[PDB]
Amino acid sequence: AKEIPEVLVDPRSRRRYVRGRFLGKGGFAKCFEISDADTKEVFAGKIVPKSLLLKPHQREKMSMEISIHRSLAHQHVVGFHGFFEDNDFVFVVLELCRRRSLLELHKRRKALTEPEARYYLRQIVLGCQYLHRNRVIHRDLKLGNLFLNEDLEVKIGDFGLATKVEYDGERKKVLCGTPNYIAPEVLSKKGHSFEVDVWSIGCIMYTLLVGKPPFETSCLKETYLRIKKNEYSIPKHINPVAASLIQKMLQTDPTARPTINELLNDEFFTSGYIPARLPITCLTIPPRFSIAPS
């Protein structure tokens, strides 16, 4: 069966992590709360058996994932703390985001209030500005990959579909993986780059405000059909300034979308209330954002 060790020891760094609470699957990975022996500091551990990494291509992807992620550090990106291996497993030590992800928020709250959406989107955007500035395209921005720490700060994670732009104007021809909010240029196999992430952020904005994803259907291929056609619609109860921004991000032509750097200067942000922080009640109850308590 090949057992996962109770203690994970990085022979090089000489750190030892005690394996704790199981967190769930993450593709080939089993994930656990792991804690450092000396410092007692608690991380999220991504354990993937080498028995599922028999093929060089599968190994290369993981190798690249780490390559990309180890080089990144930002307030709104999941902290990369390390990786190591024994002959049976690959262990990746990541920032523990104790509030899980926006997917879990979405499932509890469905559509958010506008200022919550503004709050989360700004952090999503700041993180992605950072990525793009460092030539990295995430290519699978979704709610499940947008983790939340104890202070409800967004942390972009899971760089398994990410890719590094190596030269100016490079159109990536391939994307091994199936992103959730997949851009039409990927689906048509026309070649793609950074605008893929702005697409996804468009879908995320929609989802956060509407309470459901823009192109959802019962068949994944019928959904891809709709993306190709740009066949979505924004409910009337959505404000036009928000709606306008969604429309700019969800255009079939990638060159018509705003760049990541344009986004925070949109009316949606600059003329609406953006909370400095959200209370933990926001996991469960919609916030009214009152001006003074009782």
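All residue numbers are counted from 1 along the displayed sequence.
Higher average CA B factor: 183-191, of the stretches 157-165 and 183-191. Per-stretch averaging of Cα B factors for 140-148 and 67-75 places 67-75 on top. Per-chain ranking of the deposited C-alpha B factor places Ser200 in the lowest third. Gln58: CA B factor lies in the lowest third for its chain, per the PDB record. Sort the chain's modelled residues by C-alpha temperature factor and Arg100 lands in the lowest third, per the entry. In this PDB entry, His81 carries a Cα temperature factor that places it within the middle third of its chain's modelled residues. Ranked within its chain, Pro275 lands in the lowest third, by CA B factor from the PDB record.
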